[PDB]
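Student: Once you've seen the sequence and the experimental structure below, I've got questions.
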Amino acid sequence: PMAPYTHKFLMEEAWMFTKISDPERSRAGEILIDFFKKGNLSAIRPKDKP
Amino acid sequence: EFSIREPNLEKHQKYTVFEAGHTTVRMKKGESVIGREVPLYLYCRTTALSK
Amino acid sequence: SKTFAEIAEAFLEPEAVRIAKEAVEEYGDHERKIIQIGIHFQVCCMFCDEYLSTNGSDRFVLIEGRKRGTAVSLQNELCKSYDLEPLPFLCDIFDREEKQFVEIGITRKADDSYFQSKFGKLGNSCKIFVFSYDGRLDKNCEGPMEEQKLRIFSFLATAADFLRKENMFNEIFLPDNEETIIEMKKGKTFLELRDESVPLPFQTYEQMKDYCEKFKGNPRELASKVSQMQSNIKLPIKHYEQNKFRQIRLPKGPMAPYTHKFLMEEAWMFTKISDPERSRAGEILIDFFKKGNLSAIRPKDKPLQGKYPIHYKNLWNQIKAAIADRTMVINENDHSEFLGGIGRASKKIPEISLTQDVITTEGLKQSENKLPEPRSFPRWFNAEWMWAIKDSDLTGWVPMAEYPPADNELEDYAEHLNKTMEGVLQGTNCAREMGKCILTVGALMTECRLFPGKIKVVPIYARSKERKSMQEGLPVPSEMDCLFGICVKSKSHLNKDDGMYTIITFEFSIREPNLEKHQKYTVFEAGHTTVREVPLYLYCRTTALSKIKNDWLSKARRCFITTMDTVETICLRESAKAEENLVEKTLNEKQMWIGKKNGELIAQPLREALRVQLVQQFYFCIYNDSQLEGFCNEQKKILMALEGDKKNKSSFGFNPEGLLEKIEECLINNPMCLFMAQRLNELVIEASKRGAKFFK
Amino acid sequence: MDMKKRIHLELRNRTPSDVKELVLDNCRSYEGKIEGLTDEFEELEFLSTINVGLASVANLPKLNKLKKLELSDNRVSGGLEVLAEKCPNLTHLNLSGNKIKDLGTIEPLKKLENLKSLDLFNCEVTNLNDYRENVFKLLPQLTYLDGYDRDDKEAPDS
Amino acid sequence: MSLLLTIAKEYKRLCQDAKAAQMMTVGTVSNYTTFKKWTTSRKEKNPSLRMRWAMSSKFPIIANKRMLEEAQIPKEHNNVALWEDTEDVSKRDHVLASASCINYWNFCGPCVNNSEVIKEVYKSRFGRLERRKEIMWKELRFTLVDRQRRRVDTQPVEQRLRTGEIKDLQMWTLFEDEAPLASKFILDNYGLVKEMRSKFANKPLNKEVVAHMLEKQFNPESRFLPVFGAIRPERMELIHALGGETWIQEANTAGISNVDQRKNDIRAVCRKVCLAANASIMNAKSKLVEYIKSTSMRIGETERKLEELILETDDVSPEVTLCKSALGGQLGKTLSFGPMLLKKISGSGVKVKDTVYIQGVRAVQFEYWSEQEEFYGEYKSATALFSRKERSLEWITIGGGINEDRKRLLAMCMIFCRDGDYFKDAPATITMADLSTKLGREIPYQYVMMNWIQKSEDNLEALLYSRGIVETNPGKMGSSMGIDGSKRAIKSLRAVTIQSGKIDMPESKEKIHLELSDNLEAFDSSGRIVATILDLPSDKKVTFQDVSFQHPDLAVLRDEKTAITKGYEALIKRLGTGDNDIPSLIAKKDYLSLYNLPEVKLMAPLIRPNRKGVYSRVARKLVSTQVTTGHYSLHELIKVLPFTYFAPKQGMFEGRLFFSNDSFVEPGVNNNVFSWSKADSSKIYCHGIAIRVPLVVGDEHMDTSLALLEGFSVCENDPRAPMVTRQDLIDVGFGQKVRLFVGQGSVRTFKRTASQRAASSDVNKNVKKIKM
RNA sequence: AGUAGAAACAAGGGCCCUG
């Protein structure tokens, strides 16, 4: 069989949400919370069957 | 991880995949911007690391 | 459910439920009427609908839910204030924009009867509105507000659907004014009887009802009668330690002979190799026939013992002929007719065609049932028990399915233990008898189903596999088809369960018989056979079977289940007390008493004692009858008393002699019962050396 | 709902021979197969079938006067050869949202000489290298692509 | 079709007879059920026997004939028979056959296009399988087990329902033409029905089987079984393969089925609202009921009403009990005294008065029960069986596994029985302040001593000392308990017994309708208290997810977002029936009269004033485009209308519509301010809050009569109006009448005019106007 | 002949069918 993907992350098939950078909130714990506030993540509700 | 490209069985073997609603794509339109909705996928995987 | 209130709470508001409940309690009526009232009340509510007048005040004022006296007080108050005439009867609601009371009605019948009665009772005094659960309305004035009508009809429709679903949409729960008295239609004959079935002191149900509804407790007379009855009884109590158990008295007479249809120990068989293509019986019976040994047989007219040898001889010759014809069928001659009980069924004689003269000619008395006769202790049972414990030179006698996969340690353990037990058991002799019975009974059942009214020929055979030596020599041991004898059926017209279809059994042996044991058989001297050369005998007899027996004999793989249960229980119980895997040790080390030899006890590991329990279960499956049933049902008391003796529990009883009598009553001409009873006596004897409660 | 009832509803007593446009979006078609269409529709010049669980266009009947089509949100794959025979006078097409795996599937469309614009968005084909140019070299008759002509000339409204 | 004509001919032929006519004329349709029993009645004693006796035959099976001809099923394929032309005696339209034919069908028979629908039919069992596959087994060990018997659930099930709610659901998902009137459970749970219908539609299926499977999919199989370890349905379904009396197959099964989280969330919500209502002094009852009905929560995908879930669960907690009592929900006969659990086995009694002096001389009344009674008790990992006798703890036995739990259970038991001298003479430490009445609400000395124990361990030790202590007699050494909770000692407490092995929990399939007071204390046809607000944790802060506290007091939002939400609510309330409403106007294509509604006029001040004209233009544009044709989405007009009040202007529309509070909505994509989905088309999410849109009209998405039922109602029957189907029902005019067939053997008359009012208020109010 | 039990079978219905 063919060799599968091995790297940890995704390069070409990836995707990203965007937002403006605030130097007063330039940390992961803050960036994640801010991204979560607008409620675009909460909409992510994967169905049961994959 | 997030993705907007359905997978293939060979390259994506260690990955467990789902379908998480939809999302939006933004592109120029003359002098304005528009938004075209597309599906959305979620790629699940486990792995180890070290120092 | 469980009460009408909970039901009403399903589609009503609990408030109106409580209201109607308090109301029926006020009038003290049957609580089955909670429903109607609540509905009426709720309607009134959904009528008011927070409607308002020009003056910004409430338009409608409820009167229904209130008490009767208070309701009349308010009614008169309003008739006075607004200067209206007092009504004779009470109402449900009153309006202000028109200043005239309003009455609401409801019914299920699609007719004006309710509205006609109400209008006659009240003429045109006030406004009356009667709705129907099926969309009808009858009134004496202009129609109500639209919203009111919609909300009322919708509510009523839902309620009616619910009721119809609950079967309560009847006059009982939804009666009119008149049909409010439901009662059992007590007739005349029923009363005449009821007044005749009364106890003695009373003579009419009324007296009994008055005595029971008012009965009061008088403990003193009760205690006095108790003591009196306690004195005229004198219940005996017998602690076993003082009153010991005598031995059991077996019957006396001749010995109990062989009863099983097939031979086990004295059986001789011819073997061959099995080809997968030819696997049916009608085929193997020919394969064995070609080599010439089955045809080499040629008995003589002089039997060692038995009766009717000529019939048996002719039947054997006919069997050989039929086999040669490649058709397992036999013709109806005098011989077969005699052995198959063809025409020996009684002839019927109606009484309408009978006179006192007909009875005198040939005595027609009532049949004198000849119950079985007693027997003695059999001395050949231990021999069979000891022979059925040893190997048979082969294995795989009893077919078994495959083992599924495994994922956890549990299934691995189960598979390992099951493999050990199956490999140990499949090599014995009892196993080959089980497989023989299985296959032969299957063939006979198939034949009885397909070819009734026709005498057939079925073999007595089995399939096995030679044991596995080391890799040396010829590997992959082969299979084997073995043949012990021949069987024959006779017109198994099983019109009904429990029926009887006589079979015949031609078996092969190399051991001369005994009159006591092989009493029913009829042996012949056939000739010689190899191994060197040795004489040959031919055991022949007659018997019968049924659907029930065939089915239960074919399902003879339960003994494995029981034995596995017992063993796994012991091993797991020993392993848990120490919290460690003690199974192989428990199988190879733990010793179990088996028997006595030279007045001493004998023991061997459980791994080898399993065979004893297996044979016990097999015999239970074989010799099962009512006698053995009663015995095994009545012996538990003795074992429980024994256990009580082992633990110093001062047991006692009321009448052990009766127990011994009941036990010894069901011991007749059934070898298994006699054997187990003698062994139980020996048990209590051997334990008397270590325990009390037993006499010698 | 169902394309049958949807259609019978859109046809407010109107014959299927005098209409110039039709829409069936947000419907359902068993087995992803058309149901209720015939050659009776002659004057029809526009069509819209979106998000109806469709998978093949085999059943589609002949429609000459048709000049615009929309099949987005479905999962059509490898049924493009039929379009030429049924609707050769077609000019505008849309397939964004369907299962298009390779340029081989899109070759038949060259025979639609009347074709002007095509719309492929969110398909796998778009994720290749030199796809717009290779497509243009395949379909020279086609001018617009996903709303952009060579040199990225935004197309007008209509 | 021709089949229809054949059915009609058969009906005619059958009516030609006299008996059939009499029976089809007399009575109602229910008689059918009865007729279903008098026919085809035949059983057998030992089917195993007769099965071996029959399968031994040639043609033991029956089968259809035309199905075989159409399927081209031959006879004597390869010299082996399959069937022969005959007629069974019972069916008269079936033919004998053999088992081999079935294999023939399975191998060279007719094939269907697809069969994955099965996975939905039997979802419960595929779920069992998957749950199994996601397990990580472990070693096996041998030892003895303390298996306690108790009533539990073995089938994991989401949205557990009743039977009356299920019978309608089956009909509305499979047989809609034969459907009855819409019940409340449907109108409330619309998306659920839509989902269950999307799968079993346009498919070749046997429907009875599907209905049975759905019943199983909504039934938690309750059993009285021995159990060990944790209690979760995910385990009980395979308990047989985890451990027995002597063995245990260790395995981790914690991360599956996400059940108990829902229950703990529910109980947390109940506690919160109970405390809230307790903040009141005279209407905590109505306050609590309002908080209940003014609240909802999400389950998986769907949003359910709280009062609906509470009446379906069986969590015996002092919180759920109160709620189920307020709503008149019946429940079991289970008690609660603080954290512990209790259940009465036998005995009786009646209240009695007594007093105690707190400090010096301070008389305080405390009650007890004057009789002998027996009680089972269950604390964390500890069981007990005790008896009370006239203000004393007669005896008690325990089968727990911990010393701390043992001591706490014993102390709470002693309290529950008012045993000891403390109830005769309280300690000095307590005072009148600690007595009761945080703000006026009294407290019986019982819970007083309770909190006094929970405060310090030394109070507990002293309380235990209040129980008689003696020297451990010989032999009873094993059945003894010290002060620390040791299975043996030289000196132990009085009238106590210990043992290894929990106690078998009793059982009773009984229900009771209880009530409560204005102080939140429930009573059960007696002076006994089953629950209160003092037996629950004091308070704690939690962040509830996927919840809707649509109530002023139970809200944290500001006046701005609340004003927006209320404007949207009013604008939706204008979504009803009658002219001057938006549906009639759409039907008439009067897209202009919408701009002049009063509701948009009240929400206009909230619009960004510097760009209100541009947005207005766009909104009006969209509206006309949707209205002129008929292809509209109701979830977008309700969103953009508030902007059409002002006058159009010129400018560049970036793509967003802002209010005056820096909160926008976008036309086509869901955001935090306005969201919805095609799955649940009966909800609108604004600022997290949910709003229930009525079902009066159906757009392109909604594809059945289900979306129109809240626009119809029953009215007086009129034989003049026409009789129509359930599909043409959409082409009627608001305010018109029409006859119709409903369910079975029932015809009625409907009118497309709604009635938003309910019965709750119209009854409660009119009642309160009677207690004066 | 035989079975088994504390009574029943050892074909039954109309030359034809049947468990």
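Tutor: Noted; the coordinates are in hand. Numbering: from 1, shown residues only, chains lettered A, B, ... in the order given.
Student: who in chain D is up against chain E?
Tutor: Residues of chain D found near chain E (CB under 8 Å from any CB of the partner chain) are D:1, D:2, D:5, D:23, D:25, D:26, D:28, D:30, D:31. Placement of C-beta: from N, CA and C, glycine included.
Student: Report how many residues lie close to the last one.
Tutor: It refers to residue D:31. 14 (other CB atoms under 10 Å in any protein chain shown).
Student: same question, residue E:723
Tutor: 11.
Student: nearest spatial neighbour of it, skipping sequence neighbours?
Tutor: Of all residues not flanking residue E:723 in the chain, residue E:739 sits nearest, at 4.5 Å (CB to CB, 6 or more residues apart in numbering or on different chains).
Student: what separates the residue nearest to residue D:41 when sequence neighbours are not counted from chain C, distance-wise?
Tutor: Excluding its sequence neighbours, the residue lying closest to residue D:41 (CB to CB, 6+ apart) is residue D:16, at 5.1 Å. From residue D:16 over to chain C the distance is 41 Å, taken as CB to the nearest CB, to the nearest Å.
Student: Repeat that for residue E:505.
Tutor: Going from residue E:505 to chain C by CB to the nearest CB gives 23 Å.
Student: For residue E:31, give me its contacts.
Tutor: residue E:23 (CB atoms under 8 Å, 6 or more residues apart in numbering or on different chains).
Student: Please repeat the previous calculation with a cut-off of 10 Å.
Tutor: Contacts for residue E:31 (CB atoms under 10 Å, 6 or more residues apart in numbering or on different chains) come out as E:23, E:24.
Student: and what of residue E:771?
Tutor: C:65, C:66.
Student: Show the backbone phi and psi for it.
Tutor: The phi/psi pair for residue E:771 (degrees, to the nearest 10) reads phi -80, psi 20.
Student: try residue E:158
Tutor: With angles defined as degrees, to the nearest 10, residue E:158 sits at phi -100, psi 140.
Student: Settle this for me: the residue nearest to residue D:41 is touching residue D:63, isn't it.
Tutor: No: with contact defined as CB atoms under 10 Å, residue D:16 does not count as touching residue D:63 (11.4 Å).
Student: What does residue E:139 show for phi and psi?
Tutor: Dihedral angles (degrees, to the nearest 10) for residue E:139: phi -60, psi 170.
Student: Strands of chain B, start to end?
Tutor: B:2-3, B:16-29, B:32-44 (DSSP state E).
Student: Out of the ones you listed, which gets nearest to residue E:365?
Tutor: Residue E:365 sits nearest to strand B:16-29 of all the strands of chain B, at 62.2 Å, using CB to CB.
Student: ok so, going back, element containing the residue nearest to residue D:41?
Tutor: Here residue D:16 sits in a region with no helix or strand, counting by DSSP states H and E.
Student: Near chain D, which residues of chain B are found?
Tutor: Contact residues (CB under 10 Å from any CB of the partner chain) of chain B with chain D: B:4-6, B:8, B:25, B:27-31, B:36-39.
Student: typo on my end, chain A
Tutor: A:12, A:13.
Student: For RNA strand F, what's its nearest residue on chain A.
Tutor: residue A:49 (50.5 Å; CB to the nearest atom of the strand).
Student: Which two of the residues of chain B next to chain D have the greatest separation?
Tutor: Using CB to CB, the residues of chain B next to chain D reach their maximum pairwise distance at B:8 and B:31, which is 38.9 Å.
Student: more neighbours, the two?
Tutor: The neighbour comparison of residue B:8 against residue B:31 (other CB under 10 Å) goes to residue B:8, with 13 against 7.
Student: Got phi/psi on residue E:629?
Tutor: phi -80, psi -60.
Student: Check whether residue E:225 sits in a helix, strand or coil.
Tutor: At residue E:225 the chain is in strand, as set by DSSP: H, G, I helix; E, B strand; the rest coil.
Student: State the distance from it to residue E:240.
Tutor: 10 Å (CB to CB, to the nearest Å).
Student: out of the two, which sits in the busier spot?
Tutor: Taking other CB under 10 Å, residue E:225 and residue E:240 do not tie; residue E:225 has more neighbours (14 against 8).
Student: Who are the contact partners of that one?
Tutor: Contacts of residue E:225 (CB under 10 Å, 6+ apart): E:147, E:148, E:149, E:150, E:151, E:152, E:154, E:236, E:239.
Student: and if we set it to 6 Å?
Tutor: The contact partners of residue E:225, by CB atoms under 6 Å, 6 or more residues apart in numbering or on different chains, come to none.
Student: Same question for residue D:143.
Tutor: Contacts of residue D:143 (CB under 6 Å, 6+ apart): D:116, D:149.
Student: Now with 8 Å, please.
Tutor: Residue D:143 touches D:116, D:117, D:149, counting by CB under 8 Å, 6+ apart.
Student: now swap in residue E:364 and tell me
Tutor: Applying CB under 8 Å, 6+ apart to residue E:364 gives the contacts E:355, E:356, E:357, E:358, E:426, E:435, E:445.
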